[PDB]
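Chains A and B, in that order, give the protein sequences.
Okay, so the first sequence: first residue is 14 according to this note's numbering, each after it adds one.
Okay, so the second sequence: first residue is 14 according to this note's numbering, each after it adds one.
Let me begin by presenting the structure, written as structure tokens, before commenting on it.
Number of protein chains: 2
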Amino acid sequence: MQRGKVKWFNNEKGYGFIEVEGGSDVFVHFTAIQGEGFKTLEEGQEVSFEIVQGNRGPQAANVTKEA
Amino acid sequence: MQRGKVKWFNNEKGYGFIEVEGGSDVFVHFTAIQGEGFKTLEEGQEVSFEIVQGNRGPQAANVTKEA
Numbered sequence: 014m015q016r017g018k019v020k021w022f023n024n025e026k027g028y029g030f031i032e033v034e035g036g037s038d039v040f041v042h043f044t045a046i047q048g049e050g051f052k053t054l055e056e057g058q059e060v061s062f063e064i065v066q067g068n069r070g071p072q073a074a075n076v077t078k079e080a
Numbered sequence: 014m015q016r017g018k019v020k021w022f023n024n025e026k027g028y029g030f031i032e033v034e035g036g037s038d039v040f041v042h043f044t045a046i047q048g049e050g051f052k053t054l055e056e057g058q059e060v061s062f063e064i065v066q067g068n069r070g071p072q073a074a075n076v077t078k079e080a
């Protein structure tokens with residue numbers, strides 16, 4: 014796992030980027046968002062996630078909102 | 014994105030394998046399952062999925078139960 018903050022998230026398109034502690038921004042698709050809530054994220058929201066390597070490069074998997 | 018069928022899934026533990034015609038089985042964790050509803054899958058279930066490579070190797074992402 015890794016911790017980061019949502020840089021931006023567009024809930025109409027369903028994706029955004031997560032800014033991380035010392036590395037490139039990580040892409041985040043709505044399909045990775047955990048929880049029963051609507052699968053959206055807010056700019057600035059802290060999230061815990063795992064970095065996975067998808068066919069277009071790095072991606073967020075298992076994205077959870079931290080309290 | 015591609016289709017496959019659930020080979021087996023352990024409901025208590027929340028993981029299983031997707032069998033792909035002509036290819037290798039793909040590990041699937043409950044966290045990748047899309048939809049509203051309890052995150053589980055039955056053997057024989059047709060699914061669509063993406064494949065990503067994490068710290069543990071290849072695994073399914075964006076798993077949707079298909080009819």
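Even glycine gets a Cβ: it sits at the ideal position worked out from N, Cα and C.
* Asked: Going by the C-beta, is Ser37 of chain A closer than 7 Å to any heavy atom of the ligand COA?
  -> The model depicted lacks the ligand COA and carries no ligand whatsoever.
* Asked: Do we get a CB-CB distance below 8 Å when we pair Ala73 of chain B with the residues of chain A?
  -> no
* To do: Pull up the DSSP beta-bridge partners for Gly29 of chain B, would you.
  => B:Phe22 and B:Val41
* To do: Express the C-alpha separation of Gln66 of chain A and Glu56 of chain A in angstroms, rounding to a whole number.
  => 23 Å
* Interface flag, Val33 of chain A vs chain B, CB-CB below 8 Å -> no
* Asked: DSSP three-state call for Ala80 of chain B: helix, strand or coil?
  -> coil
* Using the C-alpha atoms, what's the distance from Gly35 of chain A back to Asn68 of chain A? -> 23 Å
* According to DSSP, residues forming a beta bridge with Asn68 of chain A -> A:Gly70
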